[PDB]
Every structure is written in C-alpha cells, then in structure tokens.
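Engineer: Just dropping this structure here.
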Amino acid sequence: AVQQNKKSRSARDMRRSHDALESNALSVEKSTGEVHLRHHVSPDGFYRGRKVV
Amino acid sequence: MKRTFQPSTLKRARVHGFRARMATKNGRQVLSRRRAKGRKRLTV
Amino acid sequence: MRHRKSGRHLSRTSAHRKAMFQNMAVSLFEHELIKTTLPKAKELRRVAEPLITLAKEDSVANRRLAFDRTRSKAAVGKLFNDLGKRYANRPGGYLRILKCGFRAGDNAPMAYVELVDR
Amino acid sequence: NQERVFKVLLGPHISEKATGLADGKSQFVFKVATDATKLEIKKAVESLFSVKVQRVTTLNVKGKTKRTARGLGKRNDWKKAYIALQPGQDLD
Amino acid sequence: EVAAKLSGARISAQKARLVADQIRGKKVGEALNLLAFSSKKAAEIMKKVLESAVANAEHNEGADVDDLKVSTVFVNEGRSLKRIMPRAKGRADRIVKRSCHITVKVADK
RNA sequence: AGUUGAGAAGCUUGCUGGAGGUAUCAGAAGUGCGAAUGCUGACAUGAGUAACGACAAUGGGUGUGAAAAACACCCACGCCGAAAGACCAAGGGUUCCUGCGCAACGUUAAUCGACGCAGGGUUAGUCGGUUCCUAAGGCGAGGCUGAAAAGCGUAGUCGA
RNA sequence: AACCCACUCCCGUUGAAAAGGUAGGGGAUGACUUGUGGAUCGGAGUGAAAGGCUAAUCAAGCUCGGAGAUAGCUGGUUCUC
Ligand SMILES: [Mg+2]
Ligand SMILES: [Mg+2]
Ligand SMILES: [Mg+2]
Ligand SMILES: [Mg+2]
Ligand SMILES: [Mg+2]
Ligand SMILES: [Mg+2]
Ligand SMILES: [Mg+2]
Ligand SMILES: [Mg+2]
Ligand SMILES: [Mg+2]
Ligand SMILES: [Mg+2]
Ligand SMILES: [Mg+2]
Ligand SMILES: [Mg+2]
Ligand SMILES: [Mg+2]
Ligand SMILES: [Mg+2]
Ligand SMILES: [Mg+2]
Ligand SMILES: [Mg+2]
Ligand SMILES: [Mg+2]
Ligand SMILES: [Mg+2]
Ligand SMILES: [Mg+2]
Ligand SMILES: [Mg+2]
Ligand SMILES: [Mg+2]
Ligand SMILES: [Mg+2]
Ligand SMILES: [Mg+2]
Ligand SMILES: [Mg+2]
Ligand SMILES: [Mg+2]
Ligand SMILES: [Mg+2]
Ligand SMILES: [Mg+2]
Ligand SMILES: [Mg+2]
Ligand SMILES: [Mg+2]
C-alpha cells in the first residue's frame, strides 16, 4: 500500500535512531604491537605471538 | 513475440527511397517540403 | 525448527554440499593451508578428520573406502604415506581454525584451516 | 595516359603484417587510390620503380567511425593493394 | 587546525554519516584503527581522507600526529547522476546515483 | 537590524556584492499567483525499504596489482552436446587483434570487458554479387481514356 | 519429435516479458508450415465472419491543415483600504 501523508524530518530521524555502528573488538599484539580484531589473525599474520601465514 | 518492425533494406529502399518518392507527384511534394524544412537526411 | 539437528545447508543442495567438501579436503591434503570462509571451515573439520583417522590403518579395504569419498589418486597417496603416520600418537584434533579478518568484496568471515603440525 | 600513373599509388603502407610479408615473401603493401583498378596499379609500379610484378590483389578498407561530442565522425575510406613481385626485384 | 576535503565521492551522503558520527570527537590514533577494521565502504574513503588531513598537519605545520584530535567531521551531498532503469509493462523509472562531500578537520589542541 | 504609516508599503545602516540606478510629477502596460489531477528544471517522504533478471555449481593453489569471490594459469568439480557446438543468408556496422588506462557503464568491486586513446586487421578467372535470361509485379515511345493532376497499355527494359 | 497453434492449474501483475514461464495439452502429407519479392488503404481495403486485422492505436487508422472548431458543462482567475 501507499501513505496518505509524508513523514516529516522528526518522524524520519526517529526511525534511524537505532542505526549505529560498533566494532570495538580490537586488541594489541604482545610481540609485534600490531592492532587486530580479537580472536583473529593479525593483518601481518601473527596470532598470539606466532607467525601462521 | 514478433514485433511490428522486421528490418530490411530492399523493401525499405523500394518504398521510402529517393527513387520511390521522386517517381510519383506526391512524393516529389514530400521531398520539396522536407527540403524546405531543412532536414539533414531528406531520405529515410 | 532445528532442535538438536546438526549440519548446515550453506544455501547449497545436498550433492553440491557433498562435492564441495570432497573437493575442499582433496585441496587441503595438497597444500596443508587454505584461505576459506569460516562457516565452511566449521564443517570441513567434520570431513577431513574422519579421513585422517581412517588413514592411521593401512589396508586395501581402508584405502578403497578412503578413495570412495575423496576420489583422487594424489590425495590417497598423500594419505597412508605422510599423514596417518605423522599423527600416529595424536588423539584427535588434526587441524585448527584461525579466523582471519573479513572478505574484501563481500563481508564473509574468513578463516585459515591448518594441519596441527607442519 | 601520361597522368594516372602518379595518382594511383598513394605511398607504402607501414605495418607489422606488411613488414613480415616483404621479408618472408616478395609481396609489398601499398595505399592505392580508391578508383584504381588492378591493371593501372601494375603498370604504375613497373613504370615508377622499374620492376616486374606477377599479379596484384586489391581490397577496400572502410574508415573507422569515431564518436565525439557533436555527432559521429567517419574517417576517410581507402584502398589497399598487395603488389606481388617476381622472385627478383624489390619495391623500395 | 587543518582540513581535508573529498569533493565527489561515489558513496552516497546518508551511508557515510554512520561512519562520520562514529569518529567525530576522537583521537587520530584510534580513529585510524576504527576505520582500519570497519566493514563499510565509507571507511576506506574516510581513512584516505583522514590520513591526508594528518599529513597536511605534519607537513604544512609542526603538529605531531599524536596530539591531533579529529574535531569537525561533516558529510554533505554532492552532484547526483541521473539515469533510467526499465521496469515492467513498459514503464521506465529514473535512478539517481548520489555522491557526497567529506570534510575531515583535525586540530592539535 | 532599527524605525515610520489603516494597508498595499516607505526610510537609515552592518556584511556580501563588484557596476550601474532614477527626487518628484505624468503617460504605456506582456502590471502584482497558493490552487487550474496547471507547464518546465531542482529537491524531498516512501527508504537505505523491494529488487540486483531462471534453483548448470562451484572449491583450492600461484601470478599481478595500492587493493582479488568475478582478471590470467594449474588441479578438481558440475552443465549443453539435434546444443550453452560449428558454417551461410538477412540484419548490425569495426563490436575483430595488440599496447596505454578505469573519470563514466557493467544492476556490487574490478587489475577485466561487446568500456575510453593510439595502431593493426578483410587479398578471388574457379566461393557469393555484377555481366546473360525471365516469373509475380513496377515503369512504359507511339496510342486510347480522363476537368487538370493523371489512369490503362503495345513495342520495349527492369525485377530472384 | 522438429514446426505450428494455444485447452487446463499455478506463478507473474511495480513482472525476465505492454500478453511470458514450469508442468500437462491439439494438428503434425496437408483446407499444412515457412524464407524472399510483389498486389489490395481510410466510409477504403481484407475477413472459413469476431466487427476481427490494417505497424503495440480500429463501430472505420497515422500525420499535416480548416483550427485557438464548438462546449447553455467542469476547473482556475494573482496588490491594499
Ligand atoms: Mg511491399
Ligand atoms: Mg541428484
Ligand atoms: Mg576482391
Ligand atoms: Mg568522409
Ligand atoms: Mg518492451
Ligand atoms: Mg556599462
Ligand atoms: Mg500576468
Ligand atoms: Mg510559484
Ligand atoms: Mg527518490
Ligand atoms: Mg542491505
Ligand atoms: Mg517499509
Ligand atoms: Mg523487509
Ligand atoms: Mg531482498
Ligand atoms: Mg544474474
Ligand atoms: Mg550432462
Ligand atoms: Mg535432446
Ligand atoms: Mg567503438
Ligand atoms: Mg576485443
Ligand atoms: Mg561499477
Ligand atoms: Mg575497445
Ligand atoms: Mg513485364
Ligand atoms: Mg502502365
Ligand atoms: Mg504515353
Ligand atoms: Mg533483364
Ligand atoms: Mg520458426
Ligand atoms: Mg506437442
Ligand atoms: Mg493493432
Ligand atoms: Mg480548443
Ligand atoms: Mg473555422
């Protein structure tokens, strides 16, 4: 179906109040001091102080 | 699902061609009107 | 409903799902390291481990049974000759899964599957 | 005629196929006038280069249409000829 | 303080707000880390803008890369390219291909 | 922004603007838009929602590259095979091949392309046209017919 | 079976498609099907006849002029006191 009246700025912006981002699962490698996602192989290829690739 | 326009060249020239229009009197008037309007093609 | 049902479809039919793991194992037993998707790696550990366990007993029947499900001469040769003797005293746990970032094109959680000793 | 000998050959055609033909075989590629026949272009090479040609093969090449903001512009058409010389003589 | 702009970016304006508000008011040390592992397309563009902004402060000024804090981030809307898309029963609808202007501003205070 | 009139409205200055404006009084109007499912450009809500085009099928390794699910090669898988294979006639008109590239498209990215720039590439006594002949049919000297345009038609010459 | 046609269910209705698709269906040596060329045109043609078809338009097409037809009928008609 279609609408009978357009939604105003307040009504539109209220809907997208629950639309945010969060990925703060970072961790610092003990050896290389490289930032990486937790429980993930680091971009260089180290996981808990061990080269794997 | 045959559409209305099935292209051809021999049929196109024998109907809408320069010699087809120039042969009859009405087609010559069409040529004169199309030239007076100043169209670039004049023959389709 | 899925109550205590094991196995994930991966949006593939049964034959594609079977043939995909059959071709993932045969590739894993050539390179010993694969960059694959994490859900595909969580299911690959239920296919390669039975083959590695089967490889610990060399026999005509065992080699034929292995070939029946990982059909490749090179993989059967790699088994029963290098694998199954290296892991002759390791009870289970023949490979590990290490998550590795996300895919570039899509966002698919990737994971490295690696044999435990290499 | 005295003319129609300095107007049938428009010059050599430099290429990779033409270069390979000149070396492997005794065929030379030329840009010829669009209204030039096979008889004119064999009596012109023998006159202006002092050689002997066994036969000539000709083809008409269409011009590439280049699109630019203003319409589609067609490049000039031209004719090409493979002047096949005798085992001796070279069309330089 | 120094600024950096990207006038004309393929991603639309609305999608890039959700990354801009995620880093508005943080330090550049972790602002680059949040976008280094964010999963959205806007993160790659915005990190390219942020590193250029940091390099501008480093070169044109004596500001160290440690004390900088991203102060002002706003994503405007740029030119939208209009193209048609055929649909059912002959009807054709118009499709806009939006862009945005990203302005990351860092301050050494 | 301030201020003056019942009102239409008028007056003075901050900033921007960077070259013309017309005390007062009279004329001449294309003379004052909120609506005509009004006409033309721009921008919204729907909404970051539906869809991304058949349910042949994809999984690894190497290379390049700033960046690989889609680019190249190798291994292995699936599909068509009276076609998803080859060759002609229409039709299209360089989309064919090689270098330099991805601002745009390609329903996503792209190092790739039927995409942009620059070059190259179609060779005939024997294969198809032209040249010879004619069918349906077109035109048609003379000639009949018709207010005029023009219609019919013989000799004739065009038409695969 | 190719080929032609379109009897039934479902899907689709902003569709892959301005009339299609998966299943099933009728004819398939003839009143057959089809490639190329040609003839019949607007109160005029064709029609195993539905008022069907005549370039997605048909109880008489498309385009240009009479023409800014006519509308005792809708709608709209803009500054102040
Ligand atoms: Mg005809
Ligand atoms: Mg089956
Ligand atoms: Mg020829
Ligand atoms: Mg020209
Ligand atoms: Mg259509
Ligand atoms: Mg002046
Ligand atoms: Mg007015
Ligand atoms: Mg208005
Ligand atoms: Mg819209
Ligand atoms: Mg989505
Ligand atoms: Mg909704
Ligand atoms: Mg939904
Ligand atoms: Mg959806
Ligand atoms: Mg598709
Ligand atoms: Mg098959
Ligand atoms: Mg068959
Ligand atoms: Mg082109
Ligand atoms: Mg090509
Ligand atoms: Mg794209
Ligand atoms: Mg190209
Ligand atoms: Mg005749
Ligand atoms: Mg006649
Ligand atoms: Mg006569
Ligand atoms: Mg003849
Ligand atoms: Mg057919
Ligand atoms: Mg049948
Ligand atoms: Mg019709
Ligand atoms: Mg009127
Ligand atoms: Mg009148």
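Residues are named by chain letter and number: chains run A, B, ... in the order of the structure tokens, numbers start at 1 in each chain, and ligands are numbered from 1 in the order shown.
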Identify, on the basis of only C-alpha atoms (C1' of nucleotides), every residue whose closest approach to residue D:42 does not exceed 7 Å; exclude the query and any residue fewer than 3 positions from it along the same chain; express the result as a PDB file with N, CA, C and O atoms, in the first residue's frame.
Structural biologist:
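See result-v7.pdb below for the written result:
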```
ATOM      1  N   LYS D  38      43.254  -3.065 -60.932  1.00  0.00           N
ATOM      2  CA  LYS D  38      44.444  -3.901 -60.851  1.00  0.00           C
ATOM      3  C   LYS D  38      45.388  -3.699 -62.026  1.00  0.00           C
ATOM      4  O   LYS D  38      46.596  -3.907 -61.875  1.00  0.00           O
ATOM      5  N   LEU D  39      44.866  -3.303 -63.189  1.00  0.00           N
ATOM      6  CA  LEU D  39      45.729  -3.068 -64.343  1.00  0.00           C
ATOM      7  C   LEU D  39      46.514  -1.771 -64.187  1.00  0.00           C
ATOM      8  O   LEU D  39      47.694  -1.700 -64.550  1.00  0.00           O
ATOM      9  N   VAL D  45      53.560   0.583 -60.954  1.00  0.00           N
ATOM     10  CA  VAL D  45      54.725   0.134 -60.197  1.00  0.00           C
ATOM     11  C   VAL D  45      55.889  -0.193 -61.119  1.00  0.00           C
ATOM     12  O   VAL D  45      57.021   0.227 -60.849  1.00  0.00           O
ATOM     13  N   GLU D  46      55.637  -0.908 -62.215  1.00  0.00           N
ATOM     14  CA  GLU D  46      56.666  -1.259 -63.184  1.00  0.00           C
ATOM     15  C   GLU D  46      57.256  -0.045 -63.886  1.00  0.00           C
ATOM     16  O   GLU D  46      58.392  -0.117 -64.367  1.00  0.00           O
ATOM     17  N   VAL D  53      56.036  -7.244 -61.910  1.00  0.00           N
ATOM     18  CA  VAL D  53      55.054  -7.776 -60.974  1.00  0.00           C
ATOM     19  C   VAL D  53      54.277  -8.890 -61.660  1.00  0.00           C
ATOM     20  O   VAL D  53      53.874  -8.776 -62.824  1.00  0.00           O
ATOM     21  N   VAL D  56      48.578  -8.620 -58.831  1.00  0.00           N
ATOM     22  CA  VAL D  56      48.220  -7.724 -57.739  1.00  0.00           C
ATOM     23  C   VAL D  56      46.842  -8.110 -57.218  1.00  0.00           C
ATOM     24  O   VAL D  56      45.940  -8.453 -57.989  1.00  0.00           O
TER      25      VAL D  56
END
```
Engineer: Enumerate, as a PyMOL selection string, the complete set of residues in stretch 28-64 of chain E that a backbone-based DSSP assignment places in alpha helix (DSSP H).
Structural biologist: chain E and resi 28-36+41-60
Engineer: Residues contacting ligand 13 - anything with an atom at most 12 Å away, using only C-alpha atoms (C1' of nucleotides) and all ligand atoms - can you give me those as JSON, numbers by chain?
Structural biologist: {"F": [49, 50, 51, 52]}
Engineer: Pull out every residue of chain E sitting within 12 Å of chain C, counting only C-alpha atoms, and send them as a compact mmCIF listing (two decimals) with N, CA, C and O atoms, in the first residue's frame.
Structural biologist:
```txt
# COMPACT_ATOMS: atom_id res chain seq x y z
N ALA E 36 40.28 1.19 10.07
CA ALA E 36 41.12 0.15 9.50
C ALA E 36 40.45 -1.22 9.54
O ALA E 36 40.81 -2.09 8.74
N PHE E 37 39.48 -1.42 10.44
CA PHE E 37 38.77 -2.69 10.57
C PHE E 37 37.26 -2.56 10.42
O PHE E 37 36.56 -3.56 10.62
N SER E 38 36.74 -1.38 10.09
CA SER E 38 35.32 -1.25 9.80
C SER E 38 34.98 -1.95 8.49
O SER E 38 35.80 -2.00 7.56
N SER E 39 33.77 -2.49 8.41
CA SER E 39 33.35 -3.35 7.31
C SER E 39 32.67 -2.59 6.17
O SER E 39 32.30 -3.20 5.17
N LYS E 40 32.50 -1.27 6.30
CA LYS E 40 31.73 -0.49 5.34
C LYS E 40 32.65 0.18 4.32
O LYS E 40 33.82 0.45 4.59
N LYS E 41 32.08 0.44 3.15
CA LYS E 41 32.83 1.08 2.07
C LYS E 41 33.28 2.48 2.46
O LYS E 41 34.38 2.91 2.09
N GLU E 44 36.95 3.04 4.01
CA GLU E 44 38.16 3.16 3.20
C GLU E 44 38.34 4.58 2.67
O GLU E 44 39.46 5.10 2.66
```
Engineer: What residues in chain F have any atom no more than 12 Å from chain C when counting only C-alpha atoms (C1' of nucleotides), and can you write them as number ranges by chain?
Structural biologist: F: 55-62, 67-70, 75-78, 108-110
Engineer: Find the residues near stretch 35-44 of chain A: any atom within 6 Å, counting only C-alpha atoms (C1' of nucleotides), skip ones fewer than 6 places away on the same chain, and give them as a PyMOL selection string.
Structural biologist: (chain A and resi 25-28) or (chain C and resi 99-100)
Engineer: What would the file look like if the residues just selected were written as a PDB file, in the first residue's frame with C-alpha atoms?
Structural biologist:
```pdb
ATOM      1  CA  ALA A  25      36.851  -5.640  19.395  1.00  0.00           C
ATOM      2  CA  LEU A  26      40.440  -4.535  18.845  1.00  0.00           C
ATOM      3  CA  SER A  27      43.476  -5.994  20.596  1.00  0.00           C
ATOM      4  CA  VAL A  28      47.189  -5.172  20.675  1.00  0.00           C
TER       5      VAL A  28
ATOM      6  CA  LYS C  99      39.736 -16.567  11.977  1.00  0.00           C
ATOM      7  CA  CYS C 100      41.319 -14.036   9.594  1.00  0.00           C
TER       8      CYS C 100
END
```
Engineer: For residue D:27, work out the shell of residues within 12 Å, counting only C-alpha atoms (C1' of nucleotides) and skipping chain neighbours fewer than 3 positions away, then give it as a VMD selection string.
Structural biologist: (chain D and resid 12 to 13 17 to 24 30 52 to 57 81 to 92) or (chain F and resid 123)
Engineer: Give me, as a list in words, the set of residues whose atoms come within 10 Å of any atom of ligand 14, counting only C-alpha atoms (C1' of nucleotides) and all ligand atoms.
Structural biologist: residues 52, 53, 54 and 107 of chain F
Engineer: May I have the residues within 6 Å of stretch 6-11 of chain E as a PyMOL selection string, using only C-alpha atoms (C1' of nucleotides) and disregarding those fewer than 3 positions away in the same chain?
Structural biologist: chain E and resi 99-102
Engineer: Any chance you could export the current selection's C-alpha atoms as a PDB file, in the first residue's frame?
Structural biologist:
```pdb
ATOM      1  CA  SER E  99      27.639  11.419  -4.223  1.00  0.00           C
ATOM      2  CA  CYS E 100      28.886  13.245  -1.136  1.00  0.00           C
ATOM      3  CA  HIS E 101      31.492  15.755   0.027  1.00  0.00           C
ATOM      4  CA  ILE E 102      33.521  14.556   3.024  1.00  0.00           C
TER       5      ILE E 102
END
```
Engineer: Write out as a VMD selection string the residues lying within 12 Å of stretch 19-21 of chain A, counting only C-alpha atoms (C1' of nucleotides) and excluding same-chain residues fewer than 5 positions away.
Structural biologist: (chain A and resid 13 to 14) or (chain E and resid 14 to 23 34 to 35 38 to 40 43) or (chain F and resid 48)
Engineer: From the options F:35, F:82, F:47, F:155, which residue's atoms come nearest to ligand 11, counting only C-alpha atoms (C1' of nucleotides) and all ligand atoms?
Structural biologist: F:47
Engineer: What parts of stretch 3-84 of chain D does DSSP call strand (DSSP E)? I'd like the answer as a PDB file with N, CA and C atoms, in the first residue's frame.
Structural biologist:
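Saved to selection.pdb:
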```pdb
ATOM      1  N   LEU D   9      49.190   5.269 -56.945  1.00  0.00           N
ATOM      2  CA  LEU D   9      49.921   4.858 -55.751  1.00  0.00           C
ATOM      3  C   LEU D   9      50.036   6.048 -54.806  1.00  0.00           C
ATOM      4  N   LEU D  10      49.444   5.922 -53.619  1.00  0.00           N
ATOM      5  CA  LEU D  10      49.460   6.973 -52.612  1.00  0.00           C
ATOM      6  C   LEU D  10      50.583   6.810 -51.595  1.00  0.00           C
ATOM      7  N   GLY D  11      51.360   5.727 -51.671  1.00  0.00           N
ATOM      8  CA  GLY D  11      52.527   5.543 -50.838  1.00  0.00           C
ATOM      9  C   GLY D  11      52.576   4.173 -50.184  1.00  0.00           C
ATOM     10  N   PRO D  12      53.734   3.788 -49.636  1.00  0.00           N
ATOM     11  CA  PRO D  12      53.815   2.498 -48.942  1.00  0.00           C
ATOM     12  C   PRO D  12      52.972   2.496 -47.676  1.00  0.00           C
ATOM     13  N   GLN D  27      56.043  -9.793 -51.589  1.00  0.00           N
ATOM     14  CA  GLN D  27      54.797  -9.044 -51.637  1.00  0.00           C
ATOM     15  C   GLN D  27      54.987  -7.754 -50.859  1.00  0.00           C
ATOM     16  N   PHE D  28      54.562  -6.644 -51.449  1.00  0.00           N
ATOM     17  CA  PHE D  28      54.656  -5.329 -50.836  1.00  0.00           C
ATOM     18  C   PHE D  28      53.268  -4.708 -50.786  1.00  0.00           C
ATOM     19  N   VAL D  29      52.965  -4.046 -49.673  1.00  0.00           N
ATOM     20  CA  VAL D  29      51.649  -3.474 -49.414  1.00  0.00           C
ATOM     21  C   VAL D  29      51.720  -1.980 -49.690  1.00  0.00           C
ATOM     22  N   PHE D  30      50.733  -1.471 -50.422  1.00  0.00           N
ATOM     23  CA  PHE D  30      50.681  -0.072 -50.814  1.00  0.00           C
ATOM     24  C   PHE D  30      49.276   0.471 -50.593  1.00  0.00           C
ATOM     25  N   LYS D  31      49.209   1.765 -50.296  1.00  0.00           N
ATOM     26  CA  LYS D  31      47.957   2.510 -50.256  1.00  0.00           C
ATOM     27  C   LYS D  31      47.707   3.070 -51.649  1.00  0.00           C
ATOM     28  N   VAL D  32      46.627   2.624 -52.284  1.00  0.00           N
ATOM     29  CA  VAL D  32      46.324   2.976 -53.663  1.00  0.00           C
ATOM     30  C   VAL D  32      45.062   3.834 -53.695  1.00  0.00           C
ATOM     31  N   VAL D  53      56.036  -7.244 -61.910  1.00  0.00           N
ATOM     32  CA  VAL D  53      55.054  -7.776 -60.974  1.00  0.00           C
ATOM     33  C   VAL D  53      54.277  -8.890 -61.660  1.00  0.00           C
ATOM     34  N   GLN D  54      54.080  -9.991 -60.936  1.00  0.00           N
ATOM     35  CA  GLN D  54      53.364 -11.138 -61.486  1.00  0.00           C
ATOM     36  C   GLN D  54      51.854 -10.924 -61.418  1.00  0.00           C
ATOM     37  N   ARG D  55      51.358 -10.424 -60.288  1.00  0.00           N
ATOM     38  CA  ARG D  55      49.943 -10.110 -60.148  1.00  0.00           C
ATOM     39  C   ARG D  55      49.744  -9.261 -58.902  1.00  0.00           C
ATOM     40  N   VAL D  56      48.578  -8.620 -58.831  1.00  0.00           N
ATOM     41  CA  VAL D  56      48.220  -7.724 -57.739  1.00  0.00           C
ATOM     42  C   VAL D  56      46.842  -8.110 -57.218  1.00  0.00           C
ATOM     43  N   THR D  57      46.687  -8.051 -55.893  1.00  0.00           N
ATOM     44  CA  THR D  57      45.421  -8.309 -55.217  1.00  0.00           C
ATOM     45  C   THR D  57      45.035  -7.070 -54.421  1.00  0.00           C
ATOM     46  N   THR D  58      43.776  -6.640 -54.554  1.00  0.00           N
ATOM     47  CA  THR D  58      43.302  -5.375 -54.002  1.00  0.00           C
ATOM     48  C   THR D  58      42.130  -5.613 -53.065  1.00  0.00           C
ATOM     49  N   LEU D  59      41.969  -4.710 -52.100  1.00  0.00           N
ATOM     50  CA  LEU D  59      40.849  -4.729 -51.174  1.00  0.00           C
ATOM     51  C   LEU D  59      40.499  -3.302 -50.781  1.00  0.00           C
ATOM     52  N   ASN D  60      39.231  -3.084 -50.436  1.00  0.00           N
ATOM     53  CA  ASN D  60      38.742  -1.787 -49.985  1.00  0.00           C
ATOM     54  C   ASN D  60      38.554  -1.816 -48.476  1.00  0.00           C
ATOM     55  N   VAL D  61      39.167  -0.856 -47.788  1.00  0.00           N
ATOM     56  CA  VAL D  61      39.132  -0.762 -46.334  1.00  0.00           C
ATOM     57  C   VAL D  61      38.202   0.380 -45.958  1.00  0.00           C
ATOM     58  N   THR D  65      34.608   4.823 -37.605  1.00  0.00           N
ATOM     59  CA  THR D  65      33.741   5.898 -37.135  1.00  0.00           C
ATOM     60  C   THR D  65      34.111   6.249 -35.700  1.00  0.00           C
ATOM     61  N   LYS D  66      34.541   7.491 -35.485  1.00  0.00           N
ATOM     62  CA  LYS D  66      34.980   7.970 -34.179  1.00  0.00           C
ATOM     63  C   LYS D  66      33.886   8.839 -33.577  1.00  0.00           C
ATOM     64  N   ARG D  67      33.479   8.511 -32.353  1.00  0.00           N
ATOM     65  CA  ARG D  67      32.423   9.238 -31.660  1.00  0.00           C
ATOM     66  C   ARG D  67      33.015  10.384 -30.852  1.00  0.00           C
ATOM     67  N   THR D  68      32.452  11.577 -31.029  1.00  0.00           N
ATOM     68  CA  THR D  68      32.859  12.766 -30.291  1.00  0.00           C
ATOM     69  C   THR D  68      31.621  13.602 -30.004  1.00  0.00           C
ATOM     70  N   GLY D  71      28.462  14.503 -32.660  1.00  0.00           N
ATOM     71  CA  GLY D  71      27.986  13.508 -33.592  1.00  0.00           C
ATOM     72  C   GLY D  71      29.056  12.467 -33.827  1.00  0.00           C
ATOM     73  N   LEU D  72      28.798  11.589 -34.794  1.00  0.00           N
ATOM     74  CA  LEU D  72      29.722  10.528 -35.171  1.00  0.00           C
ATOM     75  C   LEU D  72      30.457  10.930 -36.442  1.00  0.00           C
ATOM     76  N   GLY D  73      31.785  10.971 -36.366  1.00  0.00           N
ATOM     77  CA  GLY D  73      32.613  11.339 -37.499  1.00  0.00           C
ATOM     78  C   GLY D  73      33.298  10.144 -38.123  1.00  0.00           C
ATOM     79  N   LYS D  74      33.141   9.983 -39.434  1.00  0.00           N
ATOM     80  CA  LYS D  74      33.686   8.846 -40.164  1.00  0.00           C
ATOM     81  C   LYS D  74      35.005   9.242 -40.810  1.00  0.00           C
ATOM     82  N   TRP D  78      39.699   4.069 -47.885  1.00  0.00           N
ATOM     83  CA  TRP D  78      40.902   3.936 -48.694  1.00  0.00           C
ATOM     84  C   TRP D  78      40.989   2.505 -49.212  1.00  0.00           C
ATOM     85  N   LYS D  79      41.838   2.314 -50.222  1.00  0.00           N
ATOM     86  CA  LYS D  79      42.049   1.029 -50.869  1.00  0.00           C
ATOM     87  C   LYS D  79      43.470   0.566 -50.588  1.00  0.00           C
ATOM     88  N   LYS D  80      43.633  -0.752 -50.487  1.00  0.00           N
ATOM     89  CA  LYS D  80      44.915  -1.379 -50.204  1.00  0.00           C
ATOM     90  C   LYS D  80      45.196  -2.429 -51.268  1.00  0.00           C
ATOM     91  N   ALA D  81      46.476  -2.574 -51.606  1.00  0.00           N
ATOM     92  CA  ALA D  81      46.907  -3.499 -52.643  1.00  0.00           C
ATOM     93  C   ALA D  81      48.179  -4.201 -52.201  1.00  0.00           C
ATOM     94  N   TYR D  82      48.242  -5.504 -52.462  1.00  0.00           N
ATOM     95  CA  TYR D  82      49.417  -6.331 -52.188  1.00  0.00           C
ATOM     96  C   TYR D  82      50.123  -6.568 -53.520  1.00  0.00           C
ATOM     97  N   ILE D  83      51.182  -5.807 -53.760  1.00  0.00           N
ATOM     98  CA  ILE D  83      51.937  -5.922 -55.001  1.00  0.00           C
ATOM     99  C   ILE D  83      52.905  -7.088 -54.868  1.00  0.00           C
ATOM    100  N   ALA D  84      52.614  -8.181 -55.569  1.00  0.00           N
ATOM    101  CA  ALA D  84      53.427  -9.393 -55.531  1.00  0.00           C
ATOM    102  C   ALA D  84      54.434  -9.326 -56.670  1.00  0.00           C
TER     103      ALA D  84
END
```
Engineer: Just how far from atom CA of residue C:93 is atom CA of residue C:81, in Å to one decimal?
Structural biologist: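 A separation of 19.1 Å between them.
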